[PDB]
Amino acid sequence: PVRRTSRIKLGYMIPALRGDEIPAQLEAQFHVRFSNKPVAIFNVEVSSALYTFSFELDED
RNA sequence: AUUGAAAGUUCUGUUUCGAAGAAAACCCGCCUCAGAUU
């Protein structure tokens with residue numbers, strides 16, 4: 001085996017836990033596809049947060 | 001350079017079509033700004 005570690009390090013994107021409130025929400029939205037011969041429904045989760053992330057790179 | 005090193009759960013879809021808060025009803029019946037002055 002041969003190995004080579006990545007030169008760029010990235011971490012998870014998590015909203016800031018600042019103060020006593022978490023500024024993030026998550027709701028479910030309902031969507032329909034229209035057809036002329038019914039015999040057509042799906043749901044998707046949407047969010048809105050305040051994200052923060054940090055990274056490292058070694059150009060040397 | 002660490003049971004570490006390499007990995008997108010991603011692509012495609014209308015909550016649409018139609019339906020007058022409408023008809024009836026007096027705010028109204030009585031009252032002085034009046035007597036004195038070059």
# chains A, B, ... in the order shown; residues from 1 in each chain; ligands from 1
>>> closest_atom_pairs(of="chain B", to="chain A", cutoff="7 Å", atoms="only C-alpha atoms (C1' of nucleotides)", output="CSV")
residue,atom,partner,partner_atom,distance
B:5,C1',A:3,CA,5.6
B:13,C1',A:33,CA,4.9
B:14,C1',A:34,CA,6.8
B:15,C1',A:32,CA,6.4
>>> write_last_selection(atoms="N, CA and C atoms (P, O5', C5', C4', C3', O3' and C1' of nucleotides)", output="PDB file, in the first residue's frame")
ATOM      1  P     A B   5      -8.402   9.383   8.106  1.00  0.00           P
ATOM      2  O5'   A B   5      -7.302   9.092   6.994  1.00  0.00           O
ATOM      3  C5'   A B   5      -6.217   9.984   6.784  1.00  0.00           C
ATOM      4  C4'   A B   5      -5.279   9.466   5.725  1.00  0.00           C
ATOM      5  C3'   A B   5      -5.867   9.328   4.330  1.00  0.00           C
ATOM      6  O3'   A B   5      -5.878  10.549   3.613  1.00  0.00           O
ATOM      7  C1'   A B   5      -4.709   7.350   4.895  1.00  0.00           C
ATOM      8  P     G B  13     -37.983  19.076 -12.839  1.00  0.00           P
ATOM      9  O5'   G B  13     -39.443  18.462 -12.957  1.00  0.00           O
ATOM     10  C5'   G B  13     -40.579  19.290 -12.762  1.00  0.00           C
ATOM     11  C4'   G B  13     -41.792  18.504 -12.337  1.00  0.00           C
ATOM     12  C3'   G B  13     -42.716  19.241 -11.375  1.00  0.00           C
ATOM     13  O3'   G B  13     -44.065  18.875 -11.640  1.00  0.00           O
ATOM     14  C1'   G B  13     -41.960  17.249 -10.366  1.00  0.00           C
ATOM     15  P     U B  14     -45.033  19.906 -12.397  1.00  0.00           P
ATOM     16  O5'   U B  14     -45.035  21.183 -11.452  1.00  0.00           O
ATOM     17  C5'   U B  14     -45.646  21.137 -10.170  1.00  0.00           C
ATOM     18  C4'   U B  14     -45.794  22.512  -9.578  1.00  0.00           C
ATOM     19  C3'   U B  14     -46.681  22.591  -8.339  1.00  0.00           C
ATOM     20  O3'   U B  14     -46.175  23.570  -7.435  1.00  0.00           O
ATOM     21  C1'   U B  14     -47.585  23.951 -10.055  1.00  0.00           C
ATOM     22  P     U B  15     -46.142  23.261  -5.858  1.00  0.00           P
ATOM     23  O5'   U B  15     -47.559  23.768  -5.338  1.00  0.00           O
ATOM     24  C5'   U B  15     -48.427  22.903  -4.614  1.00  0.00           C
ATOM     25  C4'   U B  15     -49.809  22.879  -5.220  1.00  0.00           C
ATOM     26  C3'   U B  15     -50.702  24.072  -4.884  1.00  0.00           C
ATOM     27  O3'   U B  15     -51.503  24.399  -6.015  1.00  0.00           O
ATOM     28  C1'   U B  15     -51.763  22.074  -4.221  1.00  0.00           C
TER      29        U B  15
END
>>> residues_around(residues="residue A:13", least_positions_apart="5", cutoff="10 Å", atoms="only C-alpha atoms (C1' of nucleotides)", output="count of residues only")
5
>>> atom_distance(atom1="atom CA of residue A:25", atom2="atom CA of residue A:47")
5.6 Å
>>> closest_residue(among="A:20, A:36, A:11, A:26", to="residue B:16", atoms="only C-alpha atoms (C1' of nucleotides)")
A:36
>>> select_by_dssp(residues="chain A", states="strand (DSSP E)", output="tab-separated table (two decimals) with N, CA and C atoms, in the first residue's frame")
chain	number	residue	atom	x	y	z
A	8	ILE	N	-5.51	19.57	2.17
A	8	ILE	CA	-6.55	20.49	2.62
A	8	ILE	C	-7.41	19.78	3.65
A	9	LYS	N	-7.62	20.43	4.79
A	9	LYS	CA	-8.42	19.90	5.88
A	9	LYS	C	-9.66	20.76	6.06
A	10	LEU	N	-10.82	20.12	6.00
A	10	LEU	CA	-12.11	20.78	6.14
A	10	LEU	C	-12.92	20.07	7.22
A	14	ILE	N	-21.41	23.61	11.24
A	14	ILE	CA	-22.38	23.56	12.33
A	14	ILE	C	-22.74	24.98	12.74
A	15	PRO	N	-24.02	25.28	12.96
A	15	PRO	CA	-24.40	26.64	13.36
A	15	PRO	C	-23.86	26.98	14.74
A	25	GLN	N	-33.56	26.46	12.25
A	25	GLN	CA	-34.87	25.85	12.16
A	25	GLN	C	-34.87	24.81	11.04
A	26	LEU	N	-35.93	24.02	11.00
A	26	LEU	CA	-36.03	22.93	10.03
A	26	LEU	C	-37.49	22.56	9.88
A	27	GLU	N	-38.04	22.74	8.67
A	27	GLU	CA	-39.45	22.50	8.42
A	27	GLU	C	-39.61	21.58	7.22
A	28	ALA	N	-40.80	21.01	7.07
A	28	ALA	CA	-41.12	20.12	5.97
A	28	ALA	C	-42.08	20.81	5.01
A	29	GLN	N	-41.76	20.77	3.72
A	29	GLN	CA	-42.57	21.39	2.68
A	29	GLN	C	-43.17	20.31	1.80
A	30	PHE	N	-44.39	20.57	1.34
A	30	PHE	CA	-45.23	19.62	0.62
A	30	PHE	C	-45.30	20.02	-0.84
A	31	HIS	N	-45.01	19.08	-1.74
A	31	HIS	CA	-44.95	19.37	-3.17
A	31	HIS	C	-45.70	18.31	-3.96
A	32	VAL	N	-46.27	18.74	-5.08
A	32	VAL	CA	-47.18	17.93	-5.89
A	32	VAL	C	-46.81	18.08	-7.36
A	41	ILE	N	-47.01	13.10	-5.06
A	41	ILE	CA	-46.82	13.83	-3.81
A	41	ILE	C	-45.45	13.49	-3.24
A	42	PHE	N	-44.75	14.51	-2.74
A	42	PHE	CA	-43.50	14.29	-2.03
A	42	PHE	C	-43.28	15.43	-1.04
A	43	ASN	N	-42.33	15.22	-0.13
A	43	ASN	CA	-42.02	16.19	0.91
A	43	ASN	C	-40.52	16.39	0.99
A	44	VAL	N	-40.11	17.62	1.30
A	44	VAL	CA	-38.69	17.98	1.36
A	44	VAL	C	-38.45	18.86	2.58
A	45	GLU	N	-37.36	18.59	3.30
A	45	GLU	CA	-37.02	19.36	4.49
A	45	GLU	C	-36.13	20.54	4.12
A	46	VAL	N	-36.50	21.72	4.60
A	46	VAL	CA	-35.80	22.97	4.31
A	46	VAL	C	-35.37	23.59	5.63
A	47	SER	N	-34.29	24.37	5.58
A	47	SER	CA	-33.69	24.90	6.80
A	47	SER	C	-33.19	26.32	6.57
A	48	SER	N	-32.81	26.97	7.67
A	48	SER	CA	-32.22	28.31	7.64
A	48	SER	C	-31.44	28.49	8.93
A	51	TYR	N	-24.29	29.46	9.86
A	51	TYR	CA	-23.25	28.44	9.87
A	51	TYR	C	-21.86	29.04	10.09
A	52	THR	N	-20.95	28.19	10.55
A	52	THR	CA	-19.56	28.55	10.79
A	52	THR	C	-18.69	27.34	10.50
A	55	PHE	N	-10.94	25.80	8.37
A	55	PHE	CA	-10.18	24.96	7.45
A	55	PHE	C	-8.69	25.25	7.57
A	56	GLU	N	-7.90	24.30	7.05
A	56	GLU	CA	-6.45	24.40	7.04
A	56	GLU	C	-5.92	23.96	5.69
A	57	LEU	N	-4.86	24.62	5.23
A	57	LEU	CA	-4.20	24.26	3.98
A	57	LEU	C	-2.70	24.47	4.15
>>> atom_distance(atom1="atom CA of residue A:49", atom2="atom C1' of residue B:7")
26.8 Å
>>> decode(residues="stretch 30-52 of chain A", atoms="N, CA, C and O atoms", output="PDB file, in the first residue's frame")
ATOM      1  N   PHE A  30     -44.394  20.571   1.341  1.00  0.00           N
ATOM      2  CA  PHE A  30     -45.233  19.621   0.624  1.00  0.00           C
ATOM      3  C   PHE A  30     -45.295  20.019  -0.843  1.00  0.00           C
ATOM      4  O   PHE A  30     -45.606  21.172  -1.156  1.00  0.00           O
ATOM      5  N   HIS A  31     -45.007  19.077  -1.743  1.00  0.00           N
ATOM      6  CA  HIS A  31     -44.952  19.371  -3.166  1.00  0.00           C
ATOM      7  C   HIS A  31     -45.702  18.309  -3.957  1.00  0.00           C
ATOM      8  O   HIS A  31     -45.756  17.139  -3.568  1.00  0.00           O
ATOM      9  N   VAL A  32     -46.273  18.738  -5.084  1.00  0.00           N
ATOM     10  CA  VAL A  32     -47.184  17.933  -5.891  1.00  0.00           C
ATOM     11  C   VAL A  32     -46.811  18.082  -7.360  1.00  0.00           C
ATOM     12  O   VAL A  32     -46.457  19.177  -7.808  1.00  0.00           O
ATOM     13  N   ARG A  33     -46.892  16.983  -8.109  1.00  0.00           N
ATOM     14  CA  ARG A  33     -46.745  17.000  -9.558  1.00  0.00           C
ATOM     15  C   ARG A  33     -48.107  16.833 -10.216  1.00  0.00           C
ATOM     16  O   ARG A  33     -48.856  15.907  -9.889  1.00  0.00           O
ATOM     17  N   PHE A  34     -48.415  17.718 -11.158  1.00  0.00           N
ATOM     18  CA  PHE A  34     -49.738  17.783 -11.764  1.00  0.00           C
ATOM     19  C   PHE A  34     -49.821  16.850 -12.965  1.00  0.00           C
ATOM     20  O   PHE A  34     -48.907  16.814 -13.794  1.00  0.00           O
ATOM     21  N   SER A  35     -50.919  16.103 -13.056  1.00  0.00           N
ATOM     22  CA  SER A  35     -51.171  15.213 -14.179  1.00  0.00           C
ATOM     23  C   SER A  35     -52.646  15.263 -14.543  1.00  0.00           C
ATOM     24  O   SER A  35     -53.500  15.539 -13.697  1.00  0.00           O
ATOM     25  N   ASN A  36     -52.939  14.987 -15.814  1.00  0.00           N
ATOM     26  CA  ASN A  36     -54.307  15.044 -16.313  1.00  0.00           C
ATOM     27  C   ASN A  36     -55.098  13.769 -16.054  1.00  0.00           C
ATOM     28  O   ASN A  36     -56.327  13.792 -16.177  1.00  0.00           O
ATOM     29  N   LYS A  37     -54.439  12.668 -15.706  1.00  0.00           N
ATOM     30  CA  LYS A  37     -55.101  11.384 -15.482  1.00  0.00           C
ATOM     31  C   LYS A  37     -54.656  10.841 -14.134  1.00  0.00           C
ATOM     32  O   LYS A  37     -53.805   9.944 -14.061  1.00  0.00           O
ATOM     33  N   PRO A  38     -55.204  11.368 -13.041  1.00  0.00           N
ATOM     34  CA  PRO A  38     -54.783  10.913 -11.711  1.00  0.00           C
ATOM     35  C   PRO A  38     -55.066   9.432 -11.512  1.00  0.00           C
ATOM     36  O   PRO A  38     -56.094   8.910 -11.950  1.00  0.00           O
ATOM     37  N   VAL A  39     -54.139   8.756 -10.841  1.00  0.00           N
ATOM     38  CA  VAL A  39     -54.271   7.330 -10.575  1.00  0.00           C
ATOM     39  C   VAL A  39     -53.938   7.038  -9.118  1.00  0.00           C
ATOM     40  O   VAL A  39     -52.795   7.192  -8.689  1.00  0.00           O
ATOM     41  N   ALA A  40     -47.324  11.367  -7.033  1.00  0.00           N
ATOM     42  CA  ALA A  40     -47.778  12.720  -7.332  1.00  0.00           C
ATOM     43  C   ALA A  40     -47.600  13.635  -6.127  1.00  0.00           C
ATOM     44  O   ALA A  40     -47.995  14.798  -6.160  1.00  0.00           O
ATOM     45  N   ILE A  41     -47.008  13.101  -5.062  1.00  0.00           N
ATOM     46  CA  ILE A  41     -46.820  13.831  -3.813  1.00  0.00           C
ATOM     47  C   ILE A  41     -45.453  13.492  -3.237  1.00  0.00           C
ATOM     48  O   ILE A  41     -45.040  12.327  -3.241  1.00  0.00           O
ATOM     49  N   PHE A  42     -44.749  14.509  -2.742  1.00  0.00           N
ATOM     50  CA  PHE A  42     -43.500  14.288  -2.028  1.00  0.00           C
ATOM     51  C   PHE A  42     -43.277  15.430  -1.044  1.00  0.00           C
ATOM     52  O   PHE A  42     -43.961  16.456  -1.080  1.00  0.00           O
ATOM     53  N   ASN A  43     -42.330  15.222  -0.134  1.00  0.00           N
ATOM     54  CA  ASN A  43     -42.022  16.189   0.908  1.00  0.00           C
ATOM     55  C   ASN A  43     -40.518  16.390   0.987  1.00  0.00           C
ATOM     56  O   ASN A  43     -39.747  15.453   0.765  1.00  0.00           O
ATOM     57  N   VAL A  44     -40.105  17.616   1.303  1.00  0.00           N
ATOM     58  CA  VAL A  44     -38.692  17.983   1.356  1.00  0.00           C
ATOM     59  C   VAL A  44     -38.448  18.859   2.577  1.00  0.00           C
ATOM     60  O   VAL A  44     -39.229  19.769   2.861  1.00  0.00           O
ATOM     61  N   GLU A  45     -37.361  18.590   3.296  1.00  0.00           N
ATOM     62  CA  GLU A  45     -37.023  19.359   4.487  1.00  0.00           C
ATOM     63  C   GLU A  45     -36.130  20.539   4.121  1.00  0.00           C
ATOM     64  O   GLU A  45     -35.122  20.375   3.428  1.00  0.00           O
ATOM     65  N   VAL A  46     -36.503  21.723   4.597  1.00  0.00           N
ATOM     66  CA  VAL A  46     -35.799  22.965   4.309  1.00  0.00           C
ATOM     67  C   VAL A  46     -35.370  23.592   5.629  1.00  0.00           C
ATOM     68  O   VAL A  46     -35.995  23.374   6.673  1.00  0.00           O
ATOM     69  N   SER A  47     -34.292  24.374   5.583  1.00  0.00           N
ATOM     70  CA  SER A  47     -33.691  24.901   6.799  1.00  0.00           C
ATOM     71  C   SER A  47     -33.193  26.320   6.571  1.00  0.00           C
ATOM     72  O   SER A  47     -33.163  26.819   5.445  1.00  0.00           O
ATOM     73  N   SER A  48     -32.811  26.968   7.672  1.00  0.00           N
ATOM     74  CA  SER A  48     -32.221  28.306   7.639  1.00  0.00           C
ATOM     75  C   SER A  48     -31.443  28.491   8.934  1.00  0.00           C
ATOM     76  O   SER A  48     -32.047  28.566  10.006  1.00  0.00           O
ATOM     77  N   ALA A  49     -30.117  28.573   8.841  1.00  0.00           N
ATOM     78  CA  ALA A  49     -29.266  28.622  10.021  1.00  0.00           C
ATOM     79  C   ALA A  49     -28.211  29.707   9.851  1.00  0.00           C
ATOM     80  O   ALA A  49     -28.221  30.472   8.882  1.00  0.00           O
ATOM     81  N   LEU A  50     -27.297  29.773  10.817  1.00  0.00           N
ATOM     82  CA  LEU A  50     -26.157  30.687  10.803  1.00  0.00           C
ATOM     83  C   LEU A  50     -24.907  29.833  10.974  1.00  0.00           C
ATOM     84  O   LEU A  50     -24.511  29.520  12.100  1.00  0.00           O
ATOM     85  N   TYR A  51     -24.285  29.457   9.862  1.00  0.00           N
ATOM     86  CA  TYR A  51     -23.248  28.438   9.867  1.00  0.00           C
ATOM     87  C   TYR A  51     -21.863  29.039  10.086  1.00  0.00           C
ATOM     88  O   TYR A  51     -21.623  30.223   9.843  1.00  0.00           O
ATOM     89  N   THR A  52     -20.949  28.190  10.552  1.00  0.00           N
ATOM     90  CA  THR A  52     -19.559  28.548  10.793  1.00  0.00           C
ATOM     91  C   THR A  52     -18.687  27.339  10.503  1.00  0.00           C
ATOM     92  O   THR A  52     -19.039  26.219  10.882  1.00  0.00           O
TER      93      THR A  52
END
